[PDB]
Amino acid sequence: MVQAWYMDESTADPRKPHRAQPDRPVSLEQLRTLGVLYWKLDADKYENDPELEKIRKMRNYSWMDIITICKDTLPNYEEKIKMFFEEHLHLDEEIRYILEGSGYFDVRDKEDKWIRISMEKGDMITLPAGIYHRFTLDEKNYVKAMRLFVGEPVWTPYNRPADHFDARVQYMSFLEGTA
């Protein structure tokens, strides 16, 4: 089952797990209060999976592509990696389905504390527009993921502070309505 936790207070080595001590696990239910949704799929079937198709149709994820993040293949790797880990939001959902490898999506909770979400092969996550988040590889330094989008993609991050945007205002308003 998918693992998430509150993070420790170290600012060193972002690819390490950084589990708070004592452990403070976070459930899928708590993640849903933040608008973060999750599905488990068989990643070997990704090119032809009726279960993925059900999700995509339901959620209007009409666009997809495949990205591989690793030292060798990725162009402008060191720069991209730096940017992905800067705390930011998007004006649209961020949807990723992990096909091989793994990494961490960190998201802010309702008290603005960091939760780290460990994503592995078969895990699919959507982070809602307006949520402050960031991404890093873990210590294995490799991920292959499908990126999905509602319509034609815009990837632009807005590094925090990005509080003026309507997407952020609406996300905040969503947060008042959950547990």
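In this text, residue numbers run from 1 along the sequence as written.
On average the C-alpha atoms of 23-31 have higher B-factors than those of the other stretch, with 56-64 and 23-31 being the two compared.
The question of which stretch, 111-119 or 65-73, has the higher mean Cα B factor is settled in favour of 65-73. Among the modelled residues of its chain, residue 98 has a C-alpha B-factor that falls in the middle third according to the deposited record.
In this PDB entry, the Cα temperature factor of residue 51 sits in the middle third of its chain's modelled residues. Annotation for residue 154: C-alpha temperature factor in the highest third relative to the rest of the modelled chain, per the entry. Annotation for residue 87: CA B-factor lies in the lowest third of the chain's modelled residues. Residue 169: CA B factor in the middle third of modelled residues in this chain (values from the PDB entry).
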